[PDB]
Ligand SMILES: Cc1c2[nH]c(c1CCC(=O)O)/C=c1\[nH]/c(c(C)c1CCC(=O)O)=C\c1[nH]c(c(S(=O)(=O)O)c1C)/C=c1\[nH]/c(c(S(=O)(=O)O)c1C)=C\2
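Below, in structure tokens: the form solved without the ligand, a single chain.
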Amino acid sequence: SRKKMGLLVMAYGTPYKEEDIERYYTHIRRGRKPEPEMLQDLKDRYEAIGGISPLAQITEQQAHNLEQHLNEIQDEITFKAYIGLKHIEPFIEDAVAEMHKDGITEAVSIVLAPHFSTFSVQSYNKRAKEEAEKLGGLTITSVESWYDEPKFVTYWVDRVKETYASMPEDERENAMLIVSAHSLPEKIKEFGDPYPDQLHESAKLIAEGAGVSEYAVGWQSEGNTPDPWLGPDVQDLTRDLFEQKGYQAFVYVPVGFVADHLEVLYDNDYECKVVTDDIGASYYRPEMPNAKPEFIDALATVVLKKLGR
């Protein structure tokens, strides 16, 4: 009795082993192979965060748990998950071609980044749709953003609540919550890109839900290009806020990210921690969603709402 549908889960992508660093970053750098020192530095960062093998596995687990959960919570549709990536195989186009080959004629897609941007989400969605158009006989309805799904907001609200409950009374009263996402070039403003506004809205929703009156919005992990990227960067924001008001604890919620990848494990857990240790403040960074049941149910709800179910 069920209708079969493809579930196209898209993501930035991550290397599978250390030997993939070169090609993964060359792709990210638009064809410019990292110099030897940079290649070695990257290997060192990945070693520091515990290894590469767990990275892509989280993403795989997210798509797999999402598929099974969607299949268990409703009885009209049977979903088959397909992972499509931007910077390493399986690429977005490979996944759509596989759905077509397997006989899928109808699919719903969702990107594993909650905020919409012209730079990433819009482009991922456009690519998936152009491949389906090229092949024919297959259509895709794509989720554009989901940062405002209540269940997702609640996930972070409750992790933030636990973190503040865990602090000594003196920290609890002199803490600063920093909500961030991946920085992008400021030129996206030329298109009226809502990306910045959505991150600020996530920060408002989370702080408000957790009853946090002192918070700030920051960006992290910017690429190196001659044109300016969205700021302030979390490292600078932390120091400036400390110099101006003397906060004793900083809590980082990298809401734009959904997994324990390099951006969180190194750019927050190491780079932000260097700063907090330098100023004598405590560092807190609540658990990323990863493939936990609570997150998977939030994503399932986002997908069913998009299909009017």
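From 1 onward, residues are counted along the sequence shown.
Beyond what is shown, the protein has a form deposited with the ligand bound; the following relates to that form.
task: Give a yes or no on whether each residue among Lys204, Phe250 and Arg285 has a heavy atom within 4.5 Å of the ligand in the bound PDB entry.
output: No, none of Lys204, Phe250 and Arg285 comes within 4.5 Å of the ligand in the bound PDB entry.
message: I'd like to check something about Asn71: if you look in the bound PDB entry, is any of its heavy atoms closer than or equal to 4.5 Å to a heavy atom of the ligand?
response: Output for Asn71 is no: heavy atoms all beyond 4.5 Å of the ligand.
query: Might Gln122 be said to contact the ligand in the bound PDB entry, defining contact as any heavy atom within 4.5 Å?
result: Taking the distances in the bound PDB entry, the answer for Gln122 is no, it never comes within 4.5 Å of the ligand.
- prompt: Does the ligand come within 4.5 Å of any heavy atom of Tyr12 in the bound PDB entry?
  reply: Because a heavy atom of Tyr12 falls inside 4.5 Å of the ligand in the bound PDB entry, the answer is yes.
query: Can you check whether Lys187 is within 4.5 Å of the ligand in the bound PDB entry, heavy atom basis?
result: Residue-level check for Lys187: yes, a contact with the ligand.
One stretch from 132-140, 149-157, 205-213, 175-183 that, in the bound PDB entry, holds residues within 4.5 Å of the ligand by heavy atom: Careful reading of the contacts points to 175-183.
- prompt: Can you pick the one in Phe91, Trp229, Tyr164, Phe116 that has a heavy atom within 4.5 Å of the ligand in the bound PDB entry?
  reply: Going through each option in turn, the one that passes is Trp229.
query: From first to last in sequence, which residues of 11-35 have any non-hydrogen atom within 4.5 angstroms of the ligand in the bound PDB entry?
result: Contacts from 11-35: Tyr12, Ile28, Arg29, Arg30, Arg32.
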